[PDB]
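For reference, the structure discussed in these notes is given below.
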Amino acid sequence: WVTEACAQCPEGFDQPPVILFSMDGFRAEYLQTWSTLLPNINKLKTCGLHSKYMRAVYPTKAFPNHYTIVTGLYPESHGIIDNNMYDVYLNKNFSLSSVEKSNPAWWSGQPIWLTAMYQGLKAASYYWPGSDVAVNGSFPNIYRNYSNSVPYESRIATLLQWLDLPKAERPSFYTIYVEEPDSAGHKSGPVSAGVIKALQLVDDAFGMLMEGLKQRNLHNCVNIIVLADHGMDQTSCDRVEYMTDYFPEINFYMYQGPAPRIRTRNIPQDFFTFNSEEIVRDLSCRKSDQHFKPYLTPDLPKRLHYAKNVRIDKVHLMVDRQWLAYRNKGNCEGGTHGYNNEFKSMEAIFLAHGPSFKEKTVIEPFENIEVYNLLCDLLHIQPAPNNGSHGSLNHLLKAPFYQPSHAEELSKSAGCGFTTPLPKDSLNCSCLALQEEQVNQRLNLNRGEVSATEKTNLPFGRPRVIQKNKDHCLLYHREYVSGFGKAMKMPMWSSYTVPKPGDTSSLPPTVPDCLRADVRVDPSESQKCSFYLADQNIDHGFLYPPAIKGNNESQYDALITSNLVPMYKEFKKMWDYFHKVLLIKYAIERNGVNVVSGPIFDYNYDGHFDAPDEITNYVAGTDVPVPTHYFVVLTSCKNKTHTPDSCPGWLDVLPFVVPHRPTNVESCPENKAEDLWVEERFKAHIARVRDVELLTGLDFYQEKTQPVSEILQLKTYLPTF
Ligand SMILES: CC(=O)N[C@H]1[C@@H](OP(=O)(O)OP(=O)(O)OC[C@H]2O[C@@H](n3ccc(=O)[nH]c3=O)[C@H](O)[C@@H]2O)O[C@H](CO)[C@@H](O)[C@@H]1O
Ligand SMILES: *[C@@H]1O[C@H](CO)[C@@H](O[C@@H]2O[C@H](CO)[C@@H](O)[C@H](O)[C@H]2NC(C)=O)[C@H](O)[C@H]1NC(C)=O
Ligand SMILES: *[C@@H]1O[C@H](CO)[C@@H](O[C@@H]2O[C@H](CO)[C@@H](O)[C@H](O)[C@H]2NC(C)=O)[C@H](O)[C@H]1NC(C)=O
Ligand SMILES: *[C@@H]1O[C@H](CO)[C@@H](O[C@@H]2O[C@H](CO)[C@@H](O)[C@H](O)[C@H]2NC(C)=O)[C@H](O)[C@H]1NC(C)=O
Ligand SMILES: *[C@@H]1O[C@H](CO)[C@@H](O[C@@H]2O[C@H](CO)[C@@H](O)[C@H](O)[C@H]2NC(C)=O)[C@H](O)[C@H]1NC(C)=O
Ligand SMILES: *[C@@H]1O[C@H](CO)[C@@H](O)[C@H](O)[C@H]1NC(C)=O
Ligand SMILES: [Ca+2]
Ligand SMILES: [Zn+2]
Ligand SMILES: [Zn+2]
């Protein structure tokens, strides 16, 4: 097989069997550098399909990741948030060394073997976390109780024996797990002779499987996926942070290593009463060269989706590349994993071979949460509710099983039409510059003016409202278009295409002390300038920056009540710096940039837009809700020769989900100019368009002339730097 050229199901095989092969700790880099040393995996890389890398879930550990691959769920939803965890309600400790690993109470969701079994198919497993557990009261048709020393040849032979079974007994889905190159990675690090030997050993295991399949004439019949749970990075005992250096006495329990959690020792009693906010405060900006950052789980970057679970302790530590965090100075040599999934070293491999996959294809990176829907498509079965975007992986398949469709809008735009240029209520707003209010006629756009602003500022169409009974209206202006939320008295979204900046030297500033009522929106559905007088902590901010487009006359279209959003004074410093300096820099690099911004409400930190009853903070003595986050989605043309409003091909996206916090403690900006921490803070809160979509109840790019499957690739894309 290994010498045979790049190449078909035999009698009794109506549907192609699926084999999911996991090579633990096989980082993406190992394939990029050492593939030519691995002849069997290199043939699979040459002939089959493979991604540049597959993104794992945080923490980049075995059990949360392996269970994510087979469920399509984030650890917070499937329950396995770590290898070591504590549940207060169950009052039990989970570990790989305890019998609690086999307790079905910890395992939520529906793994692929169960999905296949519930839909008339048989499933076998030669090791996989959860497969030796009675998840939802059931085990796979054939399974093996985990035994790490069983030779690879014996595991392969048993799997080939399962494929030799008669059609009635023979399973359609198979899982197989191998401990290497992870074990070698821990011993001597990712760049060692030990990992080379381990990589050659896993190549022999894959070689035995392919040769075994060739013997049965199944090598071009079986749809095989070879992947990893996470990557590997080098550790050092000179790269360890100690909690003794920050606390005089440690009375708390700590889950040590690359993804730390802090909780009380007195469990279950003090679990909820434990001052989690005190610990994060006592660890924030303590040392200038601090190699970790403390966080309360709702404050963690939203793209991680690591907060909505009792097992996820409120205190979390984000550890820097190649560093570790422990209780005391009392392992640390070689290598480990568990770090941020965005780190290059934490990236996993993904290779596919078989009749359902595209031959000799290199695909762009994607997330392991998408594998579940792909496995369902290969097995011709319906997926259970998960976090993958069904259809985003169709570009991997020769003939896709599922055809995705645009999300249907649940609420239509109504009202806010121009009637009179004279406001019925001033809303306690003042603009001494005026005077006449003839600038209100600039808000009265004709049919051709609406079409001109729709073509420029909504080039991919308006974001659709995927919310029931959401009373809203669209507001058209020469420089921007917005979707105003009537009940919350603020826009849900604001869209505008910034053209390529010329001068940049002396740009006009924002017109000060000028704010007035919007004649198009009802006074009862509008924000008042007097609302921001009573509250001292929160002030008003502009969603669309008035001075970014046009002249002085253009600024008046944005200096209205409908462009106001509740903003913390410290947050406004980041927001105004981004729109004045960073946004112009991005518009130069991208040859113009389309911007869609708006508020996010996620008080229950579940990654979904809040229902009105879920909002727990408002502008003092008003019903105006305070956003938990602010989104900024930047869209430009992939081909930089075109502007965002005249882009025929693919698009390039850069979304941000920035926490709306009263302090900038996360950036540690004491005695530091904004050019040293604002960009770093925005970059730390980069997310996918899909993340923005879930947090807002909006759907983007529905008017882009491209198939839904290609648009889903753009929506699941995570920009990296
Ligand atoms: C074995 C090992 O080096 N584990 C390290 C890893 O944990 P982690 O839990 O992520 O495990 P690894 O990815 O390193 O290796 C797989 C582990 O899962 C077990 N397994 C695998 C498959 C299966 O079906 N069933 C099963 O029980 C293996 O016995 C092994 O212990 O990162 C931690 C980071 O803080 C380290 O402290 C741990 O020492
Ligand atoms: C746990 O197993 C039960 C039983 O197999 C599943 O319940 C079935 O769900 C389907 C789809 O909703 C229904 O058509 C069946 O009538 C249900 N059967 C019973 C006995 O209730 C359940 O969905 C499984 N749960 C998970 C998370 O996989
Ligand atoms: C995996 O190990 C468990 C034991 O930990 C086995 O479960 C036992 O199976 C017998 C029947 O063969 C039952 O009478 C026992 O009550 C079970 N014990 C427990 C604790 O569940 C299981 O059969 C093993 N699986 C394989 C494939 O060997
Ligand atoms: C789960 O493991 C932890 C850590 O080993 C145990 O924590 C101890 O809990 C008691 C109170 O029940 C405290 O007084 C001790 O100080 C804790 N020890 C440590 C090392 O933190 C906990 O008891 C275990 N729970 C179960 C149910 O096994
Ligand atoms: C990831 O997918 C899961 C499953 O669809 C989502 O969790 C469900 O959320 C609803 C409430 O919106 C609950 O009624 C279900 O019980 C949850 N199911 C499970 C298995 O937990 C989850 O919200 C999704 N996550 C994101 C961020 O979209
Ligand atoms: C970019 O667009 C121009 C036309 O404006 C075209 O000639 C060029 O080939 C495109 N570049 C790529 C990489 O497709
Ligand atoms: Ca929510
Ligand atoms: Zn692993
Ligand atoms: Zn490991």
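Going from the start of the chain as shown, residues are counted 1 onward.
Using the three backbone atoms N, Cα and C, a Cβ is placed for every residue, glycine included.
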Looking at Zn(2+) 2 binding as recorded in Swiss-Prot, which candidate out of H50, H316, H337 goes with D182, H186? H337
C514 pairs with which of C429, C431, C473 in a disulfide, per Swiss-Prot? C431
Between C429, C637, which residue forms the disulfide that Swiss-Prot gives for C529? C429
If Swiss-Prot gives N83, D132, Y146 as binding ATP, which of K61, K101, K122, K167 does it give for that site as well? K61
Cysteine of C9, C47, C376, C416 paired with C221 via disulfide, per Swiss-Prot: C9
Fewest neighbouring Cβ atoms within 10 Å: which of the disulfide-bonded residues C514, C637? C514
Under a threshold of 6 Å between Cβ and any atom of ligand 4, which of the recorded positions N83, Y146, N444, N552, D602, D610 are retained? none
Taking only the recorded positions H337, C431, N604, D606, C668, which have a CB closer than 6 angstroms to any atom that belongs to ligand 3? none
Out of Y146, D182, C237, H337, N552, point to the one nearest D610 (Ca(2+) binding site) in space (Cα versus Cα); all of them are recorded positions in the record. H337
Measure from the CA atom of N136 (N-linked glycosylation site) to the CA atom of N444 (N-linked glycosylation site) and give the result in Å, rounded to a whole number. 60
Quick one: of the recorded positions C47, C332, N387, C416, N552, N604, flag those whose CB is under 6 Å from ligand 5, and say none if nothing qualifies. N387
